[PDB]
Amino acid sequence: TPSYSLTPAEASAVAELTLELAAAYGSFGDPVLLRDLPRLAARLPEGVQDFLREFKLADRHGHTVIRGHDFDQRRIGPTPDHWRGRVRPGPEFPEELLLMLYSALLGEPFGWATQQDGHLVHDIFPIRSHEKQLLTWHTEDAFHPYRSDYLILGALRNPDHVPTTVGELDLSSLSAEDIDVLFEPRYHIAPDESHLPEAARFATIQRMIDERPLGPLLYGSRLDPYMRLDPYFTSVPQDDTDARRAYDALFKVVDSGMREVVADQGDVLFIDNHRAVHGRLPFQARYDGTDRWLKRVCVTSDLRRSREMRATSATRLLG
């Protein structure tokens, strides 16, 4: 699994640009910043731009890491208690812009209007409110047609080196019979809540909600398939024994191949949501302000494909 370790000169250049930008624009609420994102990402060190582009175009790896960023722990400040009510942007603005810059290189930043006030940059930290743990891995929003194409995970801090799980598909473990079956529309994948704590917009998912259609788990090339796998929300008709058998074998190949990948401070982990499932590992949280803190941006390759679920042309928020 390829990775890129920045030089101090690269790390410094990245840090500098990140601060120059964090002072030129007020927030992501500025339309001009979202507009300038690709031009702005072009000022990043060439080696970093080239590394990401090769990852994008190779379409071979489920994840990659850019390591060795300079995240100013003094400036960033303590790990917050909650995301809500908290005024944006904070002192970690520079780090969020970086993740936004990387997103502009892979495609387009987008978010969920009902997820974290619809912030384009997501917070990942321990909260006592939302506090025998099961080890679950998944494709992000596997049911959704407009699910992320990439996930960007930038580690602001991870003092106890708490790993992220990430698993890819090994095709040589599956039979040609199972592969073909998985390519066919024989599986139900349930939606997810995120409700509470415009006629044509909401009535779009009402095909997946009312009718409940069957889709495939593998797609794309049959020699090197993409996948949509969330075992918790996956259903197979009882009478379809071939699909149940093939889904079982797919689960077993993916579960047994799960890797543990640590996003340490200064790392940015890139996950291909079509080639890799991922998950979280349970950990003891301190709540003092020194806890593990990651930021998260969802990337869509095709902004316009989700138009019908978006309030206007301009907004990058779905729902």
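Counting begins at 1, following the sequence as shown. Between two forms, the rigid core is defined as the largest C-alpha subset superposing within 1.5 Å.
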Exercise. Once the rigid core is matched, which of the two stretches, 135-143 or 90-98, lies farther off on average in 7 other deposited structures of this protein by C-alpha?
Worked result: 135-143
Exercise. Core-superposed in 7 other deposited structures of this protein, which stretch deviates more in Cα positions, 99-107 or 212-220?
Worked result: 212-220
For this session: State whether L196, though modelled here, is left unmodelled in a third or more of the other entries compared.
Result: yes
Exercise. Counting only residues of the deposited sequence, how many between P197 and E198 have no atoms in the entry (none, 1 to 3, 4 to 9, 10 or more)?
Worked result: 4 to 9
Exercise. In the deposited sequence, how many residues between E131 and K132 have no modelled coordinates (none, 1 to 3, 4 to 9, 10 or more)?
Worked result: 4 to 9
Problem set entry | Residue stretch of maximal mean CA temperature factor, 281-289 vs 42-50 | 281-289
Problem set entry | 220-228 or 201-209, whichever carries the higher mean Cα B-factor | 201-209
Exercise. Based on what the PDB entry reports, which of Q115, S103, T164, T139 has the top C-alpha B-factor?
Worked result: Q115
Exercise. Out of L182, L214, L98, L153, which one has a C-alpha B factor higher than all the others in the entry?
Worked result: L214
Problem set entry | Chain third (lowest, middle, highest) by recorded CA B-factor, residue given as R244 | middle
For this session: Relative to the other modelled residues of the same chain, rank the CA B-factor of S175 and answer lowest, middle or highest third.
Result: highest
Exercise. Against its chain's modelled residues, does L6's Cα B factor rank lowest, middle or highest third?
Worked result: lowest
Seminar exercise, completed: Among the modelled residues of its chain, the C-alpha B-factor of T79 falls in the third labelled highest
Exercise. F125's Cα B-factor: lowest, middle or highest third of the chain?
Worked result: highest
